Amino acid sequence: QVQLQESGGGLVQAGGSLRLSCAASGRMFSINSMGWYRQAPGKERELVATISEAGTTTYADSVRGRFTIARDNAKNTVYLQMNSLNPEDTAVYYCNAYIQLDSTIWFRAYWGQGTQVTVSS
């Protein structure tokens, strides 16, 4: 099975920093983009940042300049460092990856279990 295992997150004061990490494991033929999404209760899931396999990064408007996404291709791991956190960043953060199971088959989006990030004031 494809498995996404995330770690990090937790409680931080407003203005503080936090780091997220996510590892992709299992039998797979190819991995394309890896990214981070977030969803607060009652709201819809939204993009935070993605990074392609070449290293090209895209960020959401609300987090550009504050968050940093990184990736280690040899370990199939994506990282998110979040700086200058404010209470509107409180959400469940989800790891995301587009993985090709076999050479004959197209890509599929896989998701991690979810890690809570809470920014108090």
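Each residue number is its position in the shown sequence, starting from 1.
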- Query: On average, are the C-alpha B-factors higher in 20-28 or in 101-109?
  - Reply: 20-28
- Note on the structure: Comparing 51-59 with 31-39, the higher average Cα temperature factor in the PDB entry belongs to 51-59
- Message: Given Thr118, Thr115, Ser121, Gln3, identify the residue with the highest C-alpha B factor in the PDB entry.
- Response: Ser121
- Note on the structure: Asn96: CA temperature factor from the record, placed by chain third, in the lowest
- Query: If you rank every modelled residue in this chain by C-alpha B factor, which third holds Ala70: lowest, middle or highest?
  - Reply: lowest
- Task: Comparing against every modelled residue in the chain, figure out the third that the C-alpha B-factor of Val78 lands in (lowest, middle or highest).
- Result: lowest
